[PDB]
Every structure is written in structure tokens, then in C-alpha cells.
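One file, data.cif, is given below (mmCIF, C-alpha atoms and all ligand atoms; chains and numbers go by the auth columns).
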data_final
loop_
_atom_site.group_PDB
_atom_site.id
_atom_site.type_symbol
_atom_site.label_atom_id
_atom_site.label_comp_id
_atom_site.label_asym_id
_atom_site.label_seq_id
_atom_site.Cartn_x
_atom_site.Cartn_y
_atom_site.Cartn_z
_atom_site.B_iso_or_equiv
_atom_site.auth_seq_id
_atom_site.auth_asym_id
ATOM 1 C CA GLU A 1 19.493 10.472 -9.617 0.00 32 B
ATOM 2 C CA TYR A 2 17.735 8.006 -7.295 0.00 33 B
ATOM 3 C CA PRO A 3 18.553 9.210 -3.761 0.00 34 B
ATOM 4 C CA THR A 4 21.052 6.883 -2.190 0.00 35 B
ATOM 5 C CA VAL A 5 21.406 6.135 1.306 0.00 36 B
ATOM 6 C CA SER A 6 24.343 8.420 1.697 0.00 37 B
ATOM 7 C CA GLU A 7 22.386 11.401 0.453 0.00 38 B
ATOM 8 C CA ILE A 8 19.402 11.503 2.997 0.00 39 B
ATOM 9 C CA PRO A 9 19.857 12.540 6.640 0.00 40 B
ATOM 10 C CA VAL A 10 17.925 10.518 9.189 0.00 41 B
ATOM 11 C CA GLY A 11 14.622 12.293 9.815 0.00 42 B
ATOM 12 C CA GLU A 12 14.081 13.583 6.272 0.00 43 B
ATOM 13 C CA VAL A 13 12.096 11.923 3.500 0.00 44 B
ATOM 14 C CA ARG A 14 12.658 12.203 -0.256 0.00 45 B
ATOM 15 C CA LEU A 15 10.086 11.598 -2.984 0.00 46 B
ATOM 16 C CA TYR A 16 11.172 10.243 -6.354 0.00 47 B
ATOM 17 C CA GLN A 17 8.697 10.362 -9.231 0.00 48 B
ATOM 18 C CA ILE A 18 8.819 7.130 -11.218 0.00 49 B
ATOM 19 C CA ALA A 19 5.891 7.666 -13.580 0.00 50 B
ATOM 20 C CA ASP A 20 2.786 9.800 -13.942 0.00 51 B
ATOM 21 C CA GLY A 21 1.139 9.447 -10.559 0.00 52 B
ATOM 22 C CA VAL A 22 3.735 7.014 -9.099 0.00 53 B
ATOM 23 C CA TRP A 23 6.475 7.953 -6.628 0.00 54 B
ATOM 24 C CA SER A 24 8.733 6.171 -4.291 0.00 55 B
ATOM 25 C CA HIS A 25 9.384 7.583 -0.819 0.00 56 B
ATOM 26 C CA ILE A 26 12.890 7.170 0.622 0.00 57 B
ATOM 27 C CA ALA A 27 13.858 7.500 4.282 0.00 58 B
ATOM 28 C CA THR A 28 16.780 6.410 6.437 0.00 59 B
ATOM 29 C CA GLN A 29 17.367 5.011 9.867 0.00 60 B
ATOM 30 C CA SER A 30 20.429 4.267 11.961 0.00 61 B
ATOM 31 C CA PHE A 31 20.289 0.683 13.149 0.00 62 B
ATOM 32 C CA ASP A 32 22.982 -1.349 14.893 0.00 63 B
ATOM 33 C CA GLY A 33 25.673 1.199 14.099 0.00 64 B
ATOM 34 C CA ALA A 34 24.977 1.705 10.364 0.00 65 B
ATOM 35 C CA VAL A 35 22.570 3.801 8.278 0.00 66 B
ATOM 36 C CA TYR A 36 20.031 2.057 6.061 0.00 67 B
ATOM 37 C CA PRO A 37 17.734 3.503 3.395 0.00 68 B
ATOM 38 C CA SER A 38 14.160 2.293 3.061 0.00 69 B
ATOM 39 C CA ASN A 39 11.648 2.575 0.195 0.00 70 B
ATOM 40 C CA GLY A 40 7.881 2.795 -0.030 0.00 71 B
ATOM 41 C CA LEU A 41 5.430 3.808 -2.755 0.00 72 B
ATOM 42 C CA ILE A 42 2.825 6.515 -3.394 0.00 73 B
ATOM 43 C CA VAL A 43 0.193 5.962 -6.093 0.00 74 B
ATOM 44 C CA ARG A 44 -2.320 8.544 -7.237 0.00 75 B
ATOM 45 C CA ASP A 45 -5.954 7.325 -7.165 0.00 76 B
ATOM 46 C CA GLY A 46 -7.866 10.118 -8.868 0.00 77 B
ATOM 47 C CA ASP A 47 -7.731 13.096 -6.525 0.00 78 B
ATOM 48 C CA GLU A 48 -6.412 11.019 -3.576 0.00 79 B
ATOM 49 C CA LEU A 49 -3.201 9.047 -2.868 0.00 80 B
ATOM 50 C CA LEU A 50 -2.610 5.455 -1.843 0.00 81 B
ATOM 51 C CA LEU A 51 0.468 4.976 0.374 0.00 82 B
ATOM 52 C CA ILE A 52 2.461 1.722 0.394 0.00 83 B
ATOM 53 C CA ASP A 53 4.436 1.266 3.638 0.00 84 B
ATOM 54 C CA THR A 54 5.358 3.744 6.314 0.00 85 B
ATOM 55 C CA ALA A 55 8.665 5.603 6.230 0.00 86 B
ATOM 56 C CA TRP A 56 10.113 3.442 9.054 0.00 87 B
ATOM 57 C CA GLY A 57 9.109 5.042 12.329 0.00 88 B
ATOM 58 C CA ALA A 58 6.815 7.748 13.652 0.00 89 B
ATOM 59 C CA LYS A 59 9.198 10.647 13.053 0.00 90 B
ATOM 60 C CA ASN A 60 9.958 9.694 9.450 0.00 91 B
ATOM 61 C CA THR A 61 6.296 8.981 8.750 0.00 92 B
ATOM 62 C CA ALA A 62 5.233 12.382 10.078 0.00 93 B
ATOM 63 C CA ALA A 63 7.873 13.894 7.792 0.00 94 B
ATOM 64 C CA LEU A 64 6.590 11.782 4.904 0.00 95 B
ATOM 65 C CA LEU A 65 3.063 13.184 5.275 0.00 96 B
ATOM 66 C CA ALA A 66 4.448 16.738 5.424 0.00 97 B
ATOM 67 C CA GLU A 67 6.575 16.130 2.300 0.00 98 B
ATOM 68 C CA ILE A 68 3.636 14.644 0.382 0.00 99 B
ATOM 69 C CA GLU A 69 1.483 17.662 1.296 0.00 100 B
ATOM 70 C CA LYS A 70 4.238 20.065 0.194 0.00 101 B
ATOM 71 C CA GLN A 71 5.214 18.337 -3.056 0.00 102 B
ATOM 72 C CA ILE A 72 2.011 16.635 -4.264 0.00 103 B
ATOM 73 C CA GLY A 73 -0.767 18.293 -2.315 0.00 104 B
ATOM 74 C CA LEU A 74 -3.306 15.497 -2.516 0.00 105 B
ATOM 75 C CA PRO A 75 -4.654 13.640 0.528 0.00 106 B
ATOM 76 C CA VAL A 76 -3.328 10.244 1.570 0.00 107 B
ATOM 77 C CA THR A 77 -6.555 8.374 2.219 0.00 108 B
ATOM 78 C CA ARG A 78 -5.354 4.762 2.472 0.00 109 B
ATOM 79 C CA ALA A 79 -2.125 2.984 3.309 0.00 110 B
ATOM 80 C CA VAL A 80 -1.080 -0.645 2.913 0.00 111 B
ATOM 81 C CA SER A 81 1.789 -2.249 4.865 0.00 112 B
ATOM 82 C CA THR A 82 3.489 -5.048 2.951 0.00 113 B
ATOM 83 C CA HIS A 83 4.830 -6.976 5.954 0.00 114 B
ATOM 84 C CA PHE A 84 4.920 -6.728 9.739 0.00 115 B
ATOM 85 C CA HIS A 85 8.406 -5.280 10.365 0.00 116 B
ATOM 86 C CA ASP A 86 8.961 -1.794 11.752 0.00 117 B
ATOM 87 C CA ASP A 87 10.140 -0.379 8.383 0.00 118 B
ATOM 88 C CA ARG A 88 6.615 -1.157 7.067 0.00 119 B
ATOM 89 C CA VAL A 89 4.252 -0.602 10.033 0.00 120 B
ATOM 90 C CA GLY A 90 6.287 1.772 12.194 0.00 121 B
ATOM 91 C CA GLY A 91 4.353 5.005 11.782 0.00 122 B
ATOM 92 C CA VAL A 92 0.937 3.373 11.385 0.00 123 B
ATOM 93 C CA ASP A 93 -0.264 5.199 14.508 0.00 124 B
ATOM 94 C CA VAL A 94 0.826 8.507 12.937 0.00 125 B
ATOM 95 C CA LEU A 95 -1.059 7.689 9.746 0.00 126 B
ATOM 96 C CA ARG A 96 -4.148 6.684 11.709 0.00 127 B
ATOM 97 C CA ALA A 97 -4.127 9.889 13.798 0.00 128 B
ATOM 98 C CA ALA A 98 -4.034 11.916 10.575 0.00 129 B
ATOM 99 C CA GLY A 99 -7.121 10.137 9.256 0.00 130 B
ATOM 100 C CA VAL A 100 -5.438 7.657 6.909 0.00 131 B
ATOM 101 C CA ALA A 101 -7.124 4.271 6.750 0.00 132 B
ATOM 102 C CA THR A 102 -4.409 1.635 7.335 0.00 133 B
ATOM 103 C CA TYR A 103 -4.548 -1.853 5.832 0.00 134 B
ATOM 104 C CA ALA A 104 -2.632 -5.106 5.950 0.00 135 B
ATOM 105 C CA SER A 105 -3.326 -8.768 5.434 0.00 136 B
ATOM 106 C CA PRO A 106 -4.673 -10.612 8.497 0.00 137 B
ATOM 107 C CA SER A 107 -1.351 -12.479 8.580 0.00 138 B
ATOM 108 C CA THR A 108 0.609 -9.233 8.793 0.00 139 B
ATOM 109 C CA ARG A 109 -1.713 -7.882 11.499 0.00 140 B
ATOM 110 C CA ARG A 110 -1.220 -11.066 13.538 0.00 141 B
ATOM 111 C CA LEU A 111 2.575 -11.043 13.244 0.00 142 B
ATOM 112 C CA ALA A 112 2.766 -7.343 14.072 0.00 143 B
ATOM 113 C CA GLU A 113 0.698 -7.977 17.215 0.00 144 B
ATOM 114 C CA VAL A 114 2.930 -10.884 18.265 0.00 145 B
ATOM 115 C CA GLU A 115 6.016 -8.721 17.699 0.00 146 B
ATOM 116 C CA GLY A 116 4.569 -5.772 19.667 0.00 147 B
ATOM 117 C CA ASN A 117 4.673 -3.590 16.549 0.00 148 B
ATOM 118 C CA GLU A 118 2.046 -1.135 15.310 0.00 149 B
ATOM 119 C CA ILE A 119 -1.022 -2.814 13.827 0.00 150 B
ATOM 120 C CA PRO A 120 -2.856 -1.542 10.713 0.00 151 B
ATOM 121 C CA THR A 121 -6.553 -1.234 11.356 0.00 152 B
ATOM 122 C CA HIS A 122 -8.140 -2.940 8.355 0.00 153 B
ATOM 123 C CA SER A 123 -7.661 -6.486 7.166 0.00 154 B
ATOM 124 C CA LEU A 124 -7.126 -7.195 3.505 0.00 155 B
ATOM 125 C CA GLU A 125 -9.041 -10.257 2.362 0.00 156 B
ATOM 126 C CA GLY A 126 -8.217 -12.530 -0.538 0.00 157 B
ATOM 127 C CA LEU A 127 -4.464 -12.784 -0.033 0.00 158 B
ATOM 128 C CA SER A 128 -4.134 -15.903 2.163 0.00 159 B
ATOM 129 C CA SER A 129 -2.821 -18.363 -0.437 0.00 160 B
ATOM 130 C CA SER A 130 0.335 -18.129 -2.501 0.00 161 B
ATOM 131 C CA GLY A 131 -0.444 -16.695 -5.926 0.00 162 B
ATOM 132 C CA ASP A 132 -3.459 -14.731 -4.669 0.00 163 B
ATOM 133 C CA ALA A 133 -4.013 -11.254 -6.137 0.00 164 B
ATOM 134 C CA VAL A 134 -6.581 -8.530 -5.328 0.00 165 B
ATOM 135 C CA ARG A 135 -7.114 -5.071 -6.762 0.00 166 B
ATOM 136 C CA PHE A 136 -6.816 -2.236 -4.236 0.00 167 B
ATOM 137 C CA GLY A 137 -7.589 1.113 -5.831 0.00 168 B
ATOM 138 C CA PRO A 138 -4.923 1.873 -8.458 0.00 169 B
ATOM 139 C CA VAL A 139 -2.718 -1.140 -7.603 0.00 170 B
ATOM 140 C CA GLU A 140 -2.790 -4.898 -7.529 0.00 171 B
ATOM 141 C CA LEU A 141 -1.651 -6.582 -4.338 0.00 172 B
ATOM 142 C CA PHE A 142 -0.076 -10.017 -4.717 0.00 173 B
ATOM 143 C CA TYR A 143 0.860 -12.582 -2.088 0.00 174 B
ATOM 144 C CA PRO A 144 3.684 -14.576 -3.745 0.00 175 B
ATOM 145 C CA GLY A 145 4.258 -16.933 -0.822 0.00 176 B
ATOM 146 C CA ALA A 146 6.618 -16.799 2.113 0.00 177 B
ATOM 147 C CA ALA A 147 9.981 -15.168 1.417 0.00 178 B
ATOM 148 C CA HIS A 148 11.595 -12.384 3.433 0.00 179 B
ATOM 149 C CA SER A 149 8.678 -13.005 5.822 0.00 180 B
ATOM 150 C CA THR A 150 5.707 -15.335 5.888 0.00 181 B
ATOM 151 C CA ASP A 151 3.303 -12.471 5.166 0.00 182 B
ATOM 152 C CA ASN A 152 5.157 -10.381 2.573 0.00 183 B
ATOM 153 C CA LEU A 153 3.059 -8.768 -0.167 0.00 184 B
ATOM 154 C CA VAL A 154 4.213 -7.214 -3.422 0.00 185 B
ATOM 155 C CA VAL A 155 2.406 -4.369 -5.208 0.00 186 B
ATOM 156 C CA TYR A 156 1.999 -3.748 -8.949 0.00 187 B
ATOM 157 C CA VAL A 157 0.947 -0.483 -10.615 0.00 188 B
ATOM 158 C CA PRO A 158 -0.490 -1.567 -13.960 0.00 189 B
ATOM 159 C CA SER A 159 -0.786 1.945 -15.445 0.00 190 B
ATOM 160 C CA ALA A 160 2.972 2.450 -15.044 0.00 191 B
ATOM 161 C CA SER A 161 4.330 -1.139 -15.098 0.00 192 B
ATOM 162 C CA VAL A 162 5.889 -0.565 -11.659 0.00 193 B
ATOM 163 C CA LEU A 163 6.521 -3.567 -9.446 0.00 194 B
ATOM 164 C CA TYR A 164 7.184 -2.812 -5.795 0.00 195 B
ATOM 165 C CA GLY A 165 8.760 -5.904 -4.309 0.00 196 B
ATOM 166 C CA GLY A 166 9.249 -4.695 -0.779 0.00 197 B
ATOM 167 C CA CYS A 167 11.754 -6.544 1.332 0.00 198 B
ATOM 168 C CA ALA A 168 11.273 -9.791 -0.575 0.00 199 B
ATOM 169 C CA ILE A 169 13.390 -8.208 -3.338 0.00 200 B
ATOM 170 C CA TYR A 170 17.016 -7.124 -2.816 0.00 201 B
ATOM 171 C CA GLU A 171 18.787 -4.291 -4.623 0.00 202 B
ATOM 172 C CA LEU A 172 21.701 -5.356 -6.854 0.00 203 B
ATOM 173 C CA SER A 173 24.333 -3.912 -4.566 0.00 204 B
ATOM 174 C CA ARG A 174 23.276 -6.164 -1.751 0.00 205 B
ATOM 175 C CA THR A 175 25.227 -9.391 -2.118 0.00 206 B
ATOM 176 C CA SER A 176 24.662 -10.896 1.335 0.00 207 B
ATOM 177 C CA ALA A 177 21.347 -11.838 2.867 0.00 208 B
ATOM 178 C CA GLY A 178 19.876 -9.193 5.096 0.00 209 B
ATOM 179 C CA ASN A 179 17.577 -9.651 8.023 0.00 210 B
ATOM 180 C CA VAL A 180 16.434 -13.226 7.450 0.00 211 B
ATOM 181 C CA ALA A 181 15.303 -13.974 11.005 0.00 212 B
ATOM 182 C CA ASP A 182 11.655 -14.173 9.894 0.00 213 B
ATOM 183 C CA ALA A 183 12.297 -15.532 6.427 0.00 214 B
ATOM 184 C CA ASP A 184 11.321 -18.801 4.749 0.00 215 B
ATOM 185 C CA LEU A 185 14.550 -19.403 2.889 0.00 216 B
ATOM 186 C CA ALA A 186 13.278 -22.711 1.515 0.00 217 B
ATOM 187 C CA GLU A 187 10.269 -21.083 -0.177 0.00 218 B
ATOM 188 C CA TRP A 188 11.739 -17.702 -1.096 0.00 219 B
ATOM 189 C CA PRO A 189 13.020 -18.700 -4.593 0.00 220 B
ATOM 190 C CA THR A 190 9.646 -20.272 -5.445 0.00 221 B
ATOM 191 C CA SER A 191 7.871 -17.125 -4.240 0.00 222 B
ATOM 192 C CA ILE A 192 10.098 -15.049 -6.489 0.00 223 B
ATOM 193 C CA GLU A 193 9.207 -17.326 -9.406 0.00 224 B
ATOM 194 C CA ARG A 194 5.557 -16.553 -8.750 0.00 225 B
ATOM 195 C CA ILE A 195 6.271 -12.810 -8.969 0.00 226 B
ATOM 196 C CA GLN A 196 8.152 -13.278 -12.242 0.00 227 B
ATOM 197 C CA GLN A 197 5.340 -15.348 -13.692 0.00 228 B
ATOM 198 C CA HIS A 198 2.657 -12.863 -12.646 0.00 229 B
ATOM 199 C CA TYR A 199 4.465 -9.609 -13.569 0.00 230 B
ATOM 200 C CA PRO A 200 6.682 -10.459 -16.572 0.00 231 B
ATOM 201 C CA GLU A 201 5.891 -7.082 -18.130 0.00 232 B
ATOM 202 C CA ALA A 202 7.229 -5.033 -15.219 0.00 233 B
ATOM 203 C CA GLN A 203 9.565 -2.265 -16.325 0.00 234 B
ATOM 204 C CA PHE A 204 10.583 -0.776 -12.957 0.00 235 B
ATOM 205 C CA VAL A 205 11.246 -3.011 -9.931 0.00 236 B
ATOM 206 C CA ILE A 206 11.610 -1.369 -6.521 0.00 237 B
ATOM 207 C CA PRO A 207 13.273 -3.242 -3.627 0.00 238 B
ATOM 208 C CA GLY A 208 12.380 -2.578 -0.021 0.00 239 B
ATOM 209 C CA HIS A 209 15.842 -1.070 0.491 0.00 240 B
ATOM 210 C CA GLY A 210 18.056 0.585 -2.080 0.00 241 B
ATOM 211 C CA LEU A 211 18.134 1.301 -5.750 0.00 242 B
ATOM 212 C CA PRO A 212 15.397 0.324 -8.218 0.00 243 B
ATOM 213 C CA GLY A 213 16.165 -1.628 -11.346 0.00 244 B
ATOM 214 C CA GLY A 214 14.542 -4.071 -13.721 0.00 245 B
ATOM 215 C CA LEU A 215 13.307 -7.629 -13.402 0.00 246 B
ATOM 216 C CA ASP A 216 16.902 -8.743 -13.003 0.00 247 B
ATOM 217 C CA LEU A 217 16.498 -7.884 -9.327 0.00 248 B
ATOM 218 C CA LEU A 218 14.347 -10.980 -8.950 0.00 249 B
ATOM 219 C CA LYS A 219 16.999 -13.410 -10.138 0.00 250 B
ATOM 220 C CA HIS A 220 19.551 -11.416 -8.138 0.00 251 B
ATOM 221 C CA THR A 221 17.553 -11.981 -4.996 0.00 252 B
ATOM 222 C CA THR A 222 17.240 -15.687 -5.704 0.00 253 B
ATOM 223 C CA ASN A 223 21.006 -15.894 -6.153 0.00 254 B
ATOM 224 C CA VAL A 224 21.703 -14.168 -2.850 0.00 255 B
ATOM 225 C CA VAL A 225 19.120 -16.259 -0.980 0.00 256 B
ATOM 226 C CA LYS A 226 20.483 -19.522 -2.383 0.00 257 B
ATOM 227 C CA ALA A 227 24.030 -18.461 -1.470 0.00 258 B
ATOM 228 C CA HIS A 228 22.930 -17.746 2.071 0.00 259 B
ATOM 229 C CA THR A 229 21.096 -21.067 2.206 0.00 260 B
ATOM 230 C CA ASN A 230 24.374 -22.860 1.350 0.00 261 B
ATOM 231 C CA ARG A 231 26.429 -20.775 3.840 0.00 262 B
HETATM 232 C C1 LIG B . 13.612 -1.755 12.702 0.00 301 B
HETATM 233 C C2 LIG B . 14.207 -2.990 12.643 0.00 301 B
HETATM 234 O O1 LIG B . 14.576 -3.279 11.306 0.00 301 B
HETATM 235 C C3 LIG B . 13.700 -3.417 10.384 0.00 301 B
HETATM 236 O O2 LIG B . 12.592 -2.980 10.514 0.00 301 B
HETATM 237 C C4 LIG B . 14.254 -4.060 9.181 0.00 301 B
HETATM 238 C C5 LIG B . 13.072 -4.724 8.550 0.00 301 B
HETATM 239 S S1 LIG B . 13.176 -5.567 6.842 0.00 301 B
HETATM 240 N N1 LIG B . 15.338 -4.927 9.398 0.00 301 B
HETATM 241 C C6 LIG B . 16.408 -4.760 8.479 0.00 301 B
HETATM 242 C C7 LIG B . 17.727 -5.439 9.170 0.00 301 B
HETATM 243 O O3 LIG B . 17.700 -5.736 10.364 0.00 301 B
HETATM 244 O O4 LIG B . 18.674 -5.531 8.385 0.00 301 B
HETATM 245 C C8 LIG B . 16.616 -3.323 8.145 0.00 301 B
HETATM 246 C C9 LIG B . 17.153 -3.005 6.813 0.00 301 B
HETATM 247 C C10 LIG B . 17.406 -2.559 9.252 0.00 301 B
HETATM 248 S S2 LIG B . 14.835 -2.767 8.097 0.00 301 B
HETATM 249 ZN ZN ZN B . 11.349 -6.919 6.881 0.00 302 B
HETATM 250 ZN ZN ZN B . 12.894 -4.009 5.228 0.00 303 B
HETATM 251 ZN ZN ZN B . 23.117 -10.448 -8.685 0.00 304 B
#
Now that the file is in, can you turn its structure into C-alpha cells?
Amino acid sequence: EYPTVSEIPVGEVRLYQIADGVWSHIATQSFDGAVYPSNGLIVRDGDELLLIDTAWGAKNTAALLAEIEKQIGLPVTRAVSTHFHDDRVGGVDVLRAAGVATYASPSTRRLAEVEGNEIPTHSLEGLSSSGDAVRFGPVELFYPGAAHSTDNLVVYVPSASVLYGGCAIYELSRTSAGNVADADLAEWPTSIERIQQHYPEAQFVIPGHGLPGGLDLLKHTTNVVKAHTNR
């Protein structure tokens, strides 16, 4: 039922409805000789939509906007990028040209600039210290501490008990650490503990890549990170 990597051609974007007014968006990209899936989120905010993360590149993000218009038919008015990598900000310029207001923490905007990646326009305040949470429209944004990257945010949809972990959370089928070049391996398990403590009621946990599950994905990610640490 959830679209798997093997079922989405590069260039196309699938929407998967999780709850009333909550969808995930799924895209793919070929990278370094393999094909990877990538998740983001769409949350209804009255008669508008909040987007979480691009669809990993300009072409996919243009397709994402077309697919949202076709399937949902409400305007995407704001988008938040949850860290500075290309699977989260790549496509920000597309969103901006289409009139979407793009947002990220000041730490994400800085790291994207250093990396030469696309830079969301607006700066989200109130997320600079581990454990910080702010409401943004229909979601809560939470900075759990450094993990997959120094700047990674997670997103919670209280009306639906959906926790979007982004790339700080691994799918169960991923048993080796991924891209950890920008990670804080030492802090990542403690950051995951903060997520668990703040969102114990979550019913649907979405990783940045791959299949959703429950809160077990948090301990799974800790296990994989610790294994990599001891490599
Ligand atoms: C575009 C370069 O790549 C990325 O933007 C990510 C960011 S998390 N890196 C991952 C990796 O290198 O494994 C990935 C799953 C391919 S997506
Ligand atoms: Zn990343
Ligand atoms: Zn990623
Ligand atoms: Zn596991």
C-alpha cells in the first residue's frame, strides 16, 4: 500500500493520505548508481496547505505541485524544510517562483548557504535550543538536537498523531547508517530520546526515506546509529 521505492519512476511524485488532511509525498532520485525514495508531508490548514520538505530537486518539486493541484486542489501557501540537504531544500526556488513562502530555521539557512544549496526565504525563530518547540499553522515543529544533521527538525501533526521524523529517523528496513557525513553521532541517540519524550502518543511515524511505521522506528534508529558508532 505505501508506495515503495521500486514502484515510483524518477520524475513522478505519489501522494499517500495518512489521515484527514495529512498526506505524505513520495519521490525518487538516482544517486551514486542506486535509486532512493524520499518522503515529505502535506498538512491541510483550513483552505490552504502546508508543505514539509521539497520532493528532492526542481523537477520532482514541480511535479509535486502539479500532483497536489490535481489530487487535492488547495493552494500550497507555506513550506518548511527540515534540514539543509538537497532532498529537503532542492526545489525551494521552484516553490518560491510559484508563490509559496519558504521557511527554515536560521541554522538550516546558514548550512544550506555554506553548502551552495537552495535557501528558504524565511527564518523560523524559537528553535535554536534542543527541546525547543513552536507551533506553525497546523503542525508543531520541534528541534530535538543534532542527529542526522546539526539543524534537523521534526514535525508533529496533533490532529492526526502523525510524527514526521525526517532524515533523523530511519525506516526499519535500513540496517546500516546512511549519509552520516553531517551527522552528530554522539548526540543522535539523545536527540531521539527527546522526540520520544515529547511525542509519546504518536501513532504514525514517517522517516525521511522509506516506509512509515510506529514509534519503534525511533529505537530502531538508535540501534543503527550505535552500531555505526561502534563500527
Ligand atoms: C542529493 C544528495 O543526497 C541527499 O540529498 C541525501 C540527503 S539525507 N543524501 C542521502 C545519501 O547520500 O544517502 C540520500 C538518501 C541520497 S538523500
Ligand atoms: Zn539529509
Ligand atoms: Zn534525506
Ligand atoms: Zn531495528
With only C-alpha atoms and all ligand atoms counted, collect every polymer residue having an atom within 12 Å of ligand ZN 302 (chain B); state the result as a PDB file with C-alpha atoms, keeping the file's coordinate frame.
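Final output, saved to out24.pdb:
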ATOM      1  CA  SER B  69      14.160   2.293   3.061  1.00  0.00           C
ATOM      2  CA  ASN B  70      11.648   2.575   0.195  1.00  0.00           C
ATOM      3  CA  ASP B  84       4.436   1.266   3.638  1.00  0.00           C
ATOM      4  CA  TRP B  87      10.113   3.442   9.054  1.00  0.00           C
ATOM      5  CA  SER B 112       1.789  -2.249   4.865  1.00  0.00           C
ATOM      6  CA  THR B 113       3.489  -5.048   2.951  1.00  0.00           C
ATOM      7  CA  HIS B 114       4.830  -6.976   5.954  1.00  0.00           C
ATOM      8  CA  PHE B 115       4.920  -6.728   9.739  1.00  0.00           C
ATOM      9  CA  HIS B 116       8.406  -5.280  10.365  1.00  0.00           C
ATOM     10  CA  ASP B 117       8.961  -1.794  11.752  1.00  0.00           C
ATOM     11  CA  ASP B 118      10.140  -0.379   8.383  1.00  0.00           C
ATOM     12  CA  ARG B 119       6.615  -1.157   7.067  1.00  0.00           C
ATOM     13  CA  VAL B 120       4.252  -0.602  10.033  1.00  0.00           C
ATOM     14  CA  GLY B 121       6.287   1.772  12.194  1.00  0.00           C
ATOM     15  CA  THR B 139       0.609  -9.233   8.793  1.00  0.00           C
ATOM     16  CA  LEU B 142       2.575 -11.043  13.244  1.00  0.00           C
ATOM     17  CA  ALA B 143       2.766  -7.343  14.072  1.00  0.00           C
ATOM     18  CA  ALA B 177       6.618 -16.799   2.113  1.00  0.00           C
ATOM     19  CA  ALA B 178       9.981 -15.168   1.417  1.00  0.00           C
ATOM     20  CA  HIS B 179      11.595 -12.384   3.433  1.00  0.00           C
ATOM     21  CA  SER B 180       8.678 -13.005   5.822  1.00  0.00           C
ATOM     22  CA  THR B 181       5.707 -15.335   5.888  1.00  0.00           C
ATOM     23  CA  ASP B 182       3.303 -12.471   5.166  1.00  0.00           C
ATOM     24  CA  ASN B 183       5.157 -10.381   2.573  1.00  0.00           C
ATOM     25  CA  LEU B 184       3.059  -8.768  -0.167  1.00  0.00           C
ATOM     26  CA  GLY B 196       8.760  -5.904  -4.309  1.00  0.00           C
ATOM     27  CA  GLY B 197       9.249  -4.695  -0.779  1.00  0.00           C
ATOM     28  CA  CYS B 198      11.754  -6.544   1.332  1.00  0.00           C
ATOM     29  CA  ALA B 199      11.273  -9.791  -0.575  1.00  0.00           C
ATOM     30  CA  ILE B 200      13.390  -8.208  -3.338  1.00  0.00           C
ATOM     31  CA  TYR B 201      17.016  -7.124  -2.816  1.00  0.00           C
ATOM     32  CA  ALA B 208      21.347 -11.838   2.867  1.00  0.00           C
ATOM     33  CA  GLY B 209      19.876  -9.193   5.096  1.00  0.00           C
ATOM     34  CA  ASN B 210      17.577  -9.651   8.023  1.00  0.00           C
ATOM     35  CA  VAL B 211      16.434 -13.226   7.450  1.00  0.00           C
ATOM     36  CA  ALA B 212      15.303 -13.974  11.005  1.00  0.00           C
ATOM     37  CA  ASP B 213      11.655 -14.173   9.894  1.00  0.00           C
ATOM     38  CA  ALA B 214      12.297 -15.532   6.427  1.00  0.00           C
ATOM     39  CA  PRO B 238      13.273  -3.242  -3.627  1.00  0.00           C
ATOM     40  CA  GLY B 239      12.380  -2.578  -0.021  1.00  0.00           C
ATOM     41  CA  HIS B 240      15.842  -1.070   0.491  1.00  0.00           C
TER      42      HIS B 240
END
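Reported to one decimal place, the separation of CA of residue 47 in chain B from CA of residue 241 in chain B is 12.6 Å.
Shortest separation to ligand ZN 304 (chain B) among B:75, B:251, B:45, B:166 occurs at residue B:251, atoms counted being only C-alpha atoms and all ligand atoms.
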As an exercise, work out the distance from CA of residue 216 in chain B to CA of residue 154 in chain B in Å and give it to one decimal place. 26.0 Å
Pick the closest to residue 49 in chain B from B:204, B:221, B:190, B:161: which is it, counting only C-alpha atoms? B:190
To test your reading of the syntax: which residues would the PyMOL selection byres (((chain B and resi 35) around 9) and not hetatm) return for the file shown? Reply as a PyMOL selection string. chain B and resi 32-34+36-39+57+68+241-242
How about saving the chosen residues, C-alpha atoms kept, as an mmCIF file, in the coordinates of the input?
data_model
loop_
_atom_site.group_PDB
_atom_site.id
_atom_site.type_symbol
_atom_site.label_atom_id
_atom_site.label_comp_id
_atom_site.auth_asym_id
_atom_site.auth_seq_id
_atom_site.Cartn_x
_atom_site.Cartn_y
_atom_site.Cartn_z
ATOM 1 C CA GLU B 32 19.493 10.472 -9.617
ATOM 2 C CA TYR B 33 17.735 8.006 -7.295
ATOM 3 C CA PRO B 34 18.553 9.210 -3.761
ATOM 4 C CA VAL B 36 21.406 6.135 1.306
ATOM 5 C CA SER B 37 24.343 8.420 1.697
ATOM 6 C CA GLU B 38 22.386 11.401 0.453
ATOM 7 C CA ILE B 39 19.402 11.503 2.997
ATOM 8 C CA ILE B 57 12.890 7.170 0.622
ATOM 9 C CA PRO B 68 17.734 3.503 3.395
ATOM 10 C CA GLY B 241 18.056 0.585 -2.080
ATOM 11 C CA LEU B 242 18.134 1.301 -5.750
#
Grab me every residue within 8 Å of ligand ZN 304 (chain B), counting all atoms listed in the file, and send it over as a PyMOL selection string. chain B and resi 203-204+206+247-248+250-252+254-255
